[PDB]
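Shown next, in structure tokens, is the structure this report addresses.
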Amino acid sequence: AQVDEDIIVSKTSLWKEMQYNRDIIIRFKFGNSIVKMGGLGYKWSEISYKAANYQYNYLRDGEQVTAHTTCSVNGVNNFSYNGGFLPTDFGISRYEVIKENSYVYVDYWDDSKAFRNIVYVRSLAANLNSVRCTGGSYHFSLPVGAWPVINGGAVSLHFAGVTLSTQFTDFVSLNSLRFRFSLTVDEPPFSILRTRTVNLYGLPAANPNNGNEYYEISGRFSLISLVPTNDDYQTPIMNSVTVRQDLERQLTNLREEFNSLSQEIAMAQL
Amino acid sequence: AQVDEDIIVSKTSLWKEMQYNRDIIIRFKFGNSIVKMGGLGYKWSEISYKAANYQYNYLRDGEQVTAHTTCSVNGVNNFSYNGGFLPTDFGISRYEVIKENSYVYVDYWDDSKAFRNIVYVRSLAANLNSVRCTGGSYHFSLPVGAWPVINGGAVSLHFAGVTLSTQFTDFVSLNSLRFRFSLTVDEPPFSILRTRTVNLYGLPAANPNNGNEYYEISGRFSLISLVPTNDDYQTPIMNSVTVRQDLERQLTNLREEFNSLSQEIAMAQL
Amino acid sequence: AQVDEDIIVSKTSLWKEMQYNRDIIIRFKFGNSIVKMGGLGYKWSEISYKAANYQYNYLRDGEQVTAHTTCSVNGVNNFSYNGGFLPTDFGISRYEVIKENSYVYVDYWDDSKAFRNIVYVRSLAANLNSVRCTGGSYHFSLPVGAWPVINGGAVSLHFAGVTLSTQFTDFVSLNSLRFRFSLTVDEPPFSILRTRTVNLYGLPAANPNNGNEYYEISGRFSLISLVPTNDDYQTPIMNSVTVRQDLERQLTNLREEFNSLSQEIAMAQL
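Those protein sequences? They're chains X, G and A, same order as listed. Numbering follows my numbering, with no gaps: position 264 of the first sequence is 264. Here my numbering runs 270 ahead of the position in the second sequence, where the first position is 1. Here my numbering runs 540 ahead of the position in the third sequence, where the first position is 1.
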């Protein structure tokens with residue numbers, strides 16, 4: 001049996017049931033979303049995770065395969081560092097952290113033949129190997145005073161269930177394989193400089209990438225999917241999104257209000 | 271014939287053709303987006319409707335069923351109550367109302383076999399007993415003055431066509447059943463207390479839920495759908511979305527610009 | 541054979557392959573994102589293209605067919621024009637211009653039979669005559685002074701490859717054909733008045749319509765696709781979208797605190 005074996009489980013006039021057994025490498029990238037509150041600038045409203053996409057290409061047994069990965073997080077805890085109510089003290093209203101109770105979803109899609117018309121899937125199984133994700137240092141750059149840095153944090157992604165999924169983006173709409181990863185916090189705690197809380201585990205959402213362009217996981221899967229008989233097909237994967245038009249409308253309404261207010265401020269000042 | 275029968279009508283080596291009839295409970299919930307204008311704080315910019323999602327689960331004949339619902343609206347009426355031209359008095363630029371000319375859409379999906387690979391459907395029909403929706407009270411919190419309250423309003427949803435559709439949320443993508451609802455006004459007319467606009471029918475977006483956890487419609491549907499021959503297949507249903515990076519970037523640029531403006535304001539103050 | 545030919549190239553008990561050959565007219569409208577920076581009002585933040593929808597209907601040979609089109613671009617070139625570093629003079633940080641290197645994607649869908657269940661497609665070929673898109677004139681609204689105006693720009697869109705795609709909107713998710721258009725810049729350059737730069741070719745994002753309601757491209761395509769034999773089968777066309785709830789949350793937080801700051805500013809002014 002080959003590492004990249006292909007088998008026709010069943011065939012008919014218009015359809016077939018191809019079994020694909022591929023060895024893959026999953027290169028994903030955590031997505032952080034940092035927003036700083038107004039005022040003096042010592043208060044950070046949210047430090048939250050975000051579904052992040054990474055598009056790469058790697059080397060199969062002699063083949064160049066373009067892959068698209070999308071990492072999101074499920075059930076992250078909402079912690080918060082608070083020092084005082086005045087605008088003088090550093091504060092984070094809320095920041096998301098990955099913990100034992102949470103899960104990490106990674107959706108992978110490949111240019112290979114195993115994904116060309118993937119809609120239906122038998123017996124989806126895969127073996128992956130765990131990985132260490134260590135959080136980096138992020139500097140809360142204040143205009144005066146110190147620069148409290150959040151540091152530490154480390155988790156171990158351990159493989160768990162696999163299902164189908166979809167990868168929607170402005171550019172593509174892929175039918176992908178989703179692997180969930182349970183978690184086990186590693187040893188190094190995580191803490192902030194000039195902060196009361198210490199000796200805590202997890203992975204803060206500040207810079208979970210921690211310098212690395214990606215976290216690499218080697219794995220392989222085994223699926224059987226209906227694809228119609230011949231191969232010269234283009235199921236729609238490339239996309240075109242014009243979604244949340246009401247959201248866009250209210251966003252531009254807020255922007256024009258902000259521009260008018262700022263112009264009024266400038267006119268008053270000058 | 272059973273309430274939840276699973277009937278065949280044509281079978282082939284790869285594909286079959288199931289007739290599904292199910293008794294369902296459609297629990298949905300209205301959505302609203304209150305956007306209050308800037309200025310002195312007496313003006314509201316829009317009181318609109320939103321396509322609101324609602325997960326739940328209810329007991330079938332001895333077994334749980336998890337359901338996903340999405341209530342949206344079409345053809346709303348844009349009323350506008352203007353207290354006066356001054357920036358000191360209560361005012362609303364626009365608010366959406368539900369009247370006869372409009373429609374209410376409710377998309378529905380379950381974790382049962384009837385939706386396992388629902389991608390093609392014919393002979394679709396259903397019977398849904400009507401329902402009534404009465405709008406609750408919403409207090410417009412002005413900086414000074416007795417709070418005006420929009421209340422009243424009640425509209426009865428009567429059944430109309432049933433068609434296929436798709437529910438898209440941040441986490442999932444569901445091939446769902448859409449139910450159309452025509453509307454009839456009812457006795458209590460919506461209006462604002464301590465206000466001039468009176469005796470006008472419909473339902474306003476201020477609080478269509480009226481403290482109800484949901485609006486429940488008992489119902490059943492019938493459909494016939496191609497699905498693969500054996501039920502061990504899974505079309506992708508669970509989703510990851512990163513669309514509108516344009517809106518993401520625009521909002522982030524606005525955030526940083528506003529942060530600079532607010533920092534300048536506070537620094538000038540101090 | 542006729543202009544609107546329909547064939548059955550291979551039939552089976554449940555599925556069949558139909559070769560559809562039909563004419564089309566692709567009326568598509570460009571999209572723009574005019575964004576205003578804060579400050580005195582002498583600065584523009586970005587003038588970029590946007591994925592724009594357009595729904596219409598036109599008379600086929602005796603029939604009246606409704607159509608949906610979605611225009612978008614990629615690889616657009618960012619040009620920056622600054623009068624001077626001071627904040628009193630007119631300046632534009634970035635505007636996006638389409639040149640020979642970039643492309644235009646036009647996605648197209650109809651009510652007609654060709655798109656009833658279009659998922660899998662063979663041998664998709666088409667013929668589209670070229671079009672000429674000439675930009676209009678957009679007046680930049682300076683606070684006080686001689687309003688600078690960007691005018692000109694013109695590109696000939698020539699046909700290129702054609703593939704499948706999916707148009708996502710707040711109402712309908714359409715399974716569509718994407719036509720790729722290469723570009724060749726035409727004679728009349730694009731220029732801003734009260735300016736130093738001259739005779740640079742392209743099409744700026746300020747106003748790619750010239751007041752035109754659309755750009756009409758006569759067309760005819762051809763494709764073979766699986767559909768179920770029973771023509772009563774319907775794939776879900778209609779849609780109900782609620783993606784990117786994080787954007788709603790962030791925008792709402794921004795608007796609430798912005799209202800707070802506006803209250804502070806207005807009260808201080810009073």
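Where a beta carbon is used, it is the ideal one built from N, C-alpha and C, also for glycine.
What are the start and end residues of the alpha helix (DSSP H) that includes residue i?
{"i": "residue 525 of chain G", "result": "515 to 539"}
With a cut-off of 8 Å on the beta carbons, I'd call residue i and residue j a contact; round off their distance for me.
{"i": "residue 509 of chain G", "j": "residue 165 of chain X", "result": "6 Å"}
{"i": "residue 106 of chain X", "j": "residue 237 of chain X", "result": "That belief does not hold up - the Cβ atoms of residue 106 of chain X and residue 237 of chain X are roughly 19 Å apart, past 8 Å."}
{"i": "residue 726 of chain A", "j": "residue 702 of chain A", "result": "So it is not a contact: roughly 24 Å between Cβ atoms."}
{"i": "residue 45 of chain X", "j": "residue 33 of chain X", "result": "The Cβ separation is near 11 Å, so there is no contact."}
{"i": "residue 251 of chain X", "j": "residue 520 of chain G", "result": "7 Å"}
{"i": "residue 464 of chain G", "j": "residue 416 of chain G", "result": "7 Å"}
{"i": "residue 548 of chain A", "j": "residue 556 of chain A", "result": "6 Å"}
{"i": "residue 131 of chain X", "j": "residue 217 of chain X", "result": "5 Å"}
{"i": "residue 335 of chain G", "j": "residue 328 of chain G", "result": "6 Å"}
{"i": "residue 601 of chain A", "j": "residue 544 of chain A", "result": "6 Å"}
{"i": "residue 508 of chain A", "j": "residue 528 of chain G", "result": "Residue numbering for chain A in the displayed model covers 541 to 810; residue 508 of chain A lies beyond these limits and cannot be assessed."}
{"i": "residue 255 of chain X", "j": "residue 531 of chain G", "result": "With a Cβ gap of about 13 Å, residue 255 of chain X and residue 531 of chain G do not count as contacting."}
{"i": "residue 550 of chain A", "j": "residue 14 of chain X", "result": "7 Å"}
{"i": "residue 320 of chain G", "j": "residue 308 of chain G", "result": "Rounded, the Cβ-Cβ distance is 21 Å, inconsistent with contact."}
Name the residue from the options whose alpha carbon lies nearest to the alpha carbon of residue i.
{"i": "residue 391 of chain G", "options": "G/517, G/535, G/493", "result": "G/493"}
{"i": "residue 782 of chain A", "options": "G/441, G/481, G/346, G/374", "result": "G/441"}
{"i": "residue 677 of chain A", "options": "A/648, A/743, A/631", "result": "A/743"}
{"i": "residue 379 of chain G", "options": "G/531, G/272, G/490, G/454", "result": "G/490"}
{"i": "residue 396 of chain G", "options": "G/404, G/292, G/322", "result": "G/292"}
{"i": "residue 92 of chain X", "options": "X/16, X/206, X/57, X/69", "result": "X/206"}
{"i": "residue 393 of chain G", "options": "G/360, G/324, G/448, G/289", "result": "G/289"}
{"i": "residue 29 of chain X", "options": "X/262, X/68, X/173", "result": "X/68"}
{"i": "residue 420 of chain G", "options": "G/384, G/382, G/365", "result": "G/365"}
{"i": "residue 129 of chain X", "options": "X/235, X/215, X/115, X/31", "result": "X/215"}
{"i": "residue 654 of chain A", "options": "A/766, A/729, A/700", "result": "A/766"}
{"i": "residue 43 of chain X", "options": "X/90, X/133, X/104", "result": "X/90"}
{"i": "residue 201 of chain X", "options": "X/135, X/51, X/235, X/259", "result": "X/135"}
{"i": "residue 774 of chain A", "options": "A/643, A/592, A/692, A/714", "result": "A/714"}
{"i": "residue 56 of chain X", "options": "X/77, X/111, X/231, X/190", "result": "X/111"}
{"i": "residue 311 of chain G", "options": "G/414, G/374, G/348, G/373", "result": "G/414"}
{"i": "residue 692 of chain A", "options": "A/720, A/730, A/659, A/700", "result": "A/730"}
{"i": "residue 448 of chain G", "options": "G/458, G/374, G/502, G/500", "result": "G/374"}
How is the beta strand (DSSP E) around residue i delimited, first residue to last?
{"i": "residue 465 of chain G", "result": "From DSSP, residue 465 of chain G is part of no beta strand (DSSP E); its letter is neither H nor E."}
{"i": "residue 221 of chain X", "result": "215 to 228"}
{"i": "residue 501 of chain G", "result": "Per DSSP, residue 501 of chain G belongs to no beta strand (DSSP E) and is neither H nor E."}
{"i": "residue 666 of chain A", "result": "661 to 668"}
{"i": "residue 6 of chain X", "result": "6 to 11"}
{"i": "residue 23 of chain X", "result": "15 to 28"}
{"i": "residue 584 of chain A", "result": "583 to 590"}
{"i": "residue 708 of chain A", "result": "694 to 709"}
{"i": "residue 717 of chain A", "result": "713 to 725"}
{"i": "residue 635 of chain A", "result": "631 to 638"}
{"i": "residue 334 of chain G", "result": "334 to 344"}
{"i": "residue 107 of chain X", "result": "103 to 110"}
{"i": "residue 675 of chain A", "result": "No beta strand (DSSP E) contains residue 675 of chain A, which DSSP labels as neither H nor E."}
{"i": "residue 81 of chain X", "result": "77 to 81"}
{"i": "residue 572 of chain A", "result": "571 to 576"}
{"i": "residue 511 of chain G", "result": "509 to 512"}
Using a 10 Å radius around the Cβ and a threshold of 16 neighbouring Cβ atoms, would you call residue i buried or exposed?
{"i": "residue 117 of chain X", "result": "buried"}
{"i": "residue 498 of chain G", "result": "buried"}
{"i": "residue 306 of chain G", "result": "buried"}
{"i": "residue 272 of chain G", "result": "exposed"}
{"i": "residue 625 of chain A", "result": "exposed"}
{"i": "residue 148 of chain X", "result": "buried"}
{"i": "residue 80 of chain X", "result": "exposed"}
{"i": "residue 515 of chain G", "result": "exposed"}
{"i": "residue 610 of chain A", "result": "buried"}
{"i": "residue 52 of chain X", "result": "buried"}
{"i": "residue 248 of chain X", "result": "buried"}
* For the segment 632 to 641 of chain A against the segment 526 to 538 of chain G, are there 3 or more C-beta pairs whose distance is under 8 Å? -> no
* Asked: Do the segment 195 to 213 of chain X and the segment 674 to 693 of chain A touch if we need at least three Cβ pairs shorter than 8 Å?
  -> no
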